[PDB]
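In order, the protein sequence lines correspond to chains n, J, t and 3. Residue numbers 3 to 116, in the authors' numbering, belong to the letters of the first sequence in order. Residue numbers 2 to 178, in the authors' numbering, belong to the letters of the second sequence in order. Residue numbers 2 to 83, in the authors' numbering, belong to the letters of the third sequence in order. Residue numbers 1 to 80, in the authors' numbering, belong to the letters of the fourth sequence in order. Report on the structure given below.
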Amino acid sequence: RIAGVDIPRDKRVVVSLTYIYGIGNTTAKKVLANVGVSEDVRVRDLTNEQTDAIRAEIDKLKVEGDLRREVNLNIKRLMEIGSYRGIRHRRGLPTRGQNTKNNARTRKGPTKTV
Amino acid sequence: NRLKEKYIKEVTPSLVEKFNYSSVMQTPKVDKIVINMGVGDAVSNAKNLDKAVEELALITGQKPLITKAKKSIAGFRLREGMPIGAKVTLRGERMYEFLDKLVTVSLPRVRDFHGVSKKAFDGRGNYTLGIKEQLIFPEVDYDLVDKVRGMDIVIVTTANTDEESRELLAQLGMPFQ
Amino acid sequence: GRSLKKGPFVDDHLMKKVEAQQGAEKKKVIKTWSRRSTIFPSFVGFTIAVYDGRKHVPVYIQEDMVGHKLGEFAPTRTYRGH
Amino acid sequence: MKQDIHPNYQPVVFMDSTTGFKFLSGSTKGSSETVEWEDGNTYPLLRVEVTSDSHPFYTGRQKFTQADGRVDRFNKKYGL
RNA sequence: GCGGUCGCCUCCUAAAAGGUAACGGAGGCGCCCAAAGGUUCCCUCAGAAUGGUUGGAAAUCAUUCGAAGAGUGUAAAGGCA
RNA sequence: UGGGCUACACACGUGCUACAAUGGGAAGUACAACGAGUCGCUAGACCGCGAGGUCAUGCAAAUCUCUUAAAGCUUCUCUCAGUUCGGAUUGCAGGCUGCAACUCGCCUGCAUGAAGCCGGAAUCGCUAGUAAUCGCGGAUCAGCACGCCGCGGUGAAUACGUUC
Ligand SMILES: [K+]
Ligand SMILES: [K+]
Ligand SMILES: [K+]
Ligand SMILES: [K+]
Ligand SMILES: [K+]
Ligand SMILES: [K+]
Ligand SMILES: [K+]
Ligand SMILES: [K+]
Ligand SMILES: [Mg+2]
Ligand SMILES: [Mg+2]
Ligand SMILES: [Mg+2]
Ligand SMILES: [Mg+2]
Ligand SMILES: [Mg+2]
Ligand SMILES: [Mg+2]
Ligand SMILES: [Mg+2]
Ligand SMILES: [Mg+2]
Ligand SMILES: [Mg+2]
């Protein structure tokens, strides 16, 4: 659709935009402000011209594969230089300094009873 | 017809010059193109092969021949004659038309397309390109695909050497690395 | 993070050592207890033996490593597993 | 070619939207839009944003900036 | 006595026709096929190398090399490109 | 001086946040109490999306400030969706405090968007301004609380009865 992802049709335009990777609610508000499109109108209602203007704004923004490639390079960079954060990333542990005696399940994964 | 036109006009004299051919008959030409889609998933469900066949037919403009496993293999749960894998053969106008479409449209729509391999040659002047995913062809419609898949396109030419093959494919347009 | 106005931080003794060795054909390992000191483009290309709490571990500095504190590149505690 | 067993095939023109370069070739897909063509023949028209001419690799120039080094980033941030 | 065997097919024993014994050495049969029969037309294998998404030693595809090293429902011998 | 007490295949206790519509978001509007304050509380103004920053004012305080509290009420929006719920993890970019924030601080913006659809055996608190729920202050304290101490706002259900 807009940036290579088929955004939901019924939802309001701001929410449908958020469905794009790299775009949050604040960014959707900003791009709609630039294009002049109202936030309430649904995307299905949006005219083809409004959709084209929205495409221009998103293409100005970085999203989807471009954003994902950038972040993966950063993480790869940490791991390759062998930083403490890189080791955290490699071993799937909290990078941001949380304690790992308890919790940490998000990084660790499902519990292993052993 | 554009690609045939390009071939006969520019490519043919240019290859003649570079490779010092005594008679134009010596000019290598794309003899045929065989697009092969190996579907091992058919064993799990034949409809995967069915949909793969449909997508391939849309891509090629010809109904594919459903090749069958010549030998039963217990490793892949494969029984002899199982209809796994399809192929289509294109010659002449259809061959040139599909090749030109590949050069222009299908190739760019590949994710992070860095060009095509430059070593995938058999050593006789015949090349093969491994397309990892469909949806690059305009006829797939990016939604009809329930399970994404790939394919292998075999360009068989009259060239004796990978060098003449490489030049011909480059002249017709091939984003070699 | 560190206030932009404050600028990057580095221990003066470490900075003086790297400065003295800037005009050096072959870099010699600089031994530092200073974990806090930030890496600098000048630090690039040097081998620094950073104390980890029990010994100085050498690390080769590169433009890729710069922008980070030295101490992060020397792990403190070891965890082999269970 | 056997009859009534092959997917419908029709000649179709292609224009690169970004640059307008035109090439005529057959395809299964049909476009409601149609354009004329030398030899006085009309064909359905399929507009494509990216083609060989449009693609940077064919031209020999690349749009991408290739990102920034961390040394340069550090100098820019700290005014050094 | 115990064990084994009892009819039929193939090989070796069998001594270059045929035949030829032993509680000699090896195996098979008590069917299967509505095409796996008849005929007309058409085709040629197995493997190896190189290249190639999933795909891996090995699935399907392409070129070359390849006289049979494949196949011939079912044992072996004979035969068949 | 540096590191550790902050480790992390796992087990448990105590809490916070949720799983949504008695809700989420946006806008408007109203009502407290206990307490703290001198290099401390900081008005007002300006810049900043924000965390904050600059100038600068009053107050050793029933005088000035922290301090217009939040639930609440009124409109608009969302329409039962792992979602406009959820806010973990992660990337980048910042703000402070401090000689110094990698090990290892809190906070902000953007981006990402984890498990979670009300929870087995079992088990806990509470009889009224109580439980439930909502904020506010303070001690420690350069900085740093989902903990502790205290304050107020809204405000229920049930008690037949003593067999267990
Ligand atoms: K920790
Ligand atoms: K716990
Ligand atoms: K027959
Ligand atoms: K315990
Ligand atoms: K807690
Ligand atoms: K509401
Ligand atoms: K710290
Ligand atoms: K405090
Ligand atoms: Mg998004
Ligand atoms: Mg901590
Ligand atoms: Mg005889
Ligand atoms: Mg005889
Ligand atoms: Mg037969
Ligand atoms: Mg402790
Ligand atoms: Mg629900
Ligand atoms: Mg009581
Ligand atoms: Mg209360």
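Quick reminder that beta carbons are idealized off the backbone N, C-alpha and C, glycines included.
- When secondary structure is reduced to three states using DSSP, residue 166 (chain J) falls in the helix class.
- Residue environment analysis places residue 13 (chain t) among the exposed positions, since fewer than 16 neighbouring C-beta atoms fall within 10 angstroms of its C-beta.
- When C-beta atoms of the stretch 120-129 of chain J are compared with those of the stretch 84-96 of chain J, fewer than three pairs fall below 8 Å, so the two segments do not count as touching.
- Contacts between residue 79 (chain n) and chain t, judged by CB atoms closer than 8 Å, involve 65 in chain order.
- One thing to note: residue 74 (chain 3) has its Cβ within 7 Å of the Cβ of residue 68 (chain t).
- Beta-bridge partners assigned by DSSP to residue 44 (chain 3): 34 (chain 3).
- Taking one beta carbon from each stretch, the stretch 52-65 of chain t and the stretch 49-63 of chain 3 have fewer than 3 pairs nearer than 8 Å; the two do not touch.
- Listed along chain n are 85, each with a C-beta nearer than 7 Å to that of residue 69 (chain t).
- Positions of the alpha helix (DSSP H) runs, each at least 4 residues long and wholly inside the stretch 79-113 of chain n, are given as 86-93, 107-110 in order along the chain.
- Spatial neighbours of residue 54 (chain t) in its own chain (CB-CB distance under 6 Å, excluding positions within 5 residues in sequence) are listed in chain order as 77.
- When Cβ-Cβ separations below 7 Å define contact, residue 64 (chain J) makes contact with chain 3.
- Not a single CB atom of chain 3 sits nearer than 7 Å to the CB of residue 88 (chain J).
- Those residues of the stretch 158-173 of chain J placed with their C-beta closer than 8 Å to a C-beta in chain 3 do not exist.
- Per DSSP, residue 93 (chain J) is one residue of the alpha helix (DSSP H) stretching across 93-102.
- Counting other Cβ atoms within 10 Å of its Cβ, residue 178 (chain J) stays below 16 and is therefore classed as exposed.
- For residue 10 (chain 3), the secondary structure class from DSSP, reduced to helix, strand or coil, is strand.
- Contact between residue 45 (chain 3) and residue 31 (chain 3) holds, since their C-beta atoms are separated by about 6 Å, short of 8 Å.
- Contact of residue 2 (chain t) with chain 3 is not assigned, every C-beta pair being separated by 7 Å or more.
- Its chain contains 107 as the residues whose beta carbon lies nearer than 8 Å to that of residue 113 (chain n), once the 5 sequence neighbours on both sides are disregarded; these appear in chain order.
- Interface flag for residue 84 (chain J) against chain 3 is unset, since no Cβ pair is found closer than 7 Å.
- If you draw a 10 Å sphere on the C-beta of residue 71 (chain n), you find fewer than 16 other C-beta atoms in it, and that means exposed.
- Close to residue 74 (chain 3), with beta-carbon spacing below 7 Å, are these residues of chain t in chain order: 42, 67, 68.
- Bounds of the beta strand (DSSP E) holding residue 57 (chain t) are 57-61.
- Your pair residue 32 (chain t) and residue 21 (chain t) does not check out as a contact, with CB atoms roughly 14 Å apart and the cut at 8 Å.
- The residue among 61 (chain n), 86 (chain n), 14 (chain n) with its C-alpha nearest the C-alpha of residue 39 (chain n) is 14 (chain n).
- Only residues of its own chain outside the window of five on either side were considered, and among them 53, 54 have a CB closer than 6 Å to the CB of residue 19 (chain 3), listed in chain order.
- If one requires a minimum length of 4 residues, the alpha helix (DSSP H) runs lying completely within the stretch 41-93 of chain J are 47-61, in chain order.
- For residue 67 (chain 3), the three-state secondary structure derived from DSSP is coil.
- For residue 51 (chain J), the nearest beta carbon of chain 3 is not closer than 7 Å to its own beta carbon.
- Under a 10 Å Cβ-count criterion, residue 79 (chain 3) is classified as exposed, with fewer than 16 other Cβ atoms of the shown protein chains found around its own Cβ.
- Within the same chain, 12, 15 come within 6 Å of residue 35 (chain t) by CB-CB distance, once the 5 residues on both sides are set aside.
- Here the C-alpha atom of residue 42 (chain n) lies approximately 54 Å from the C-alpha atom of residue 77 (chain J).
- Residue contact with chain J for residue 32 (chain 3): absent (no Cβ-Cβ distance below 7 Å to any residue of chain J).
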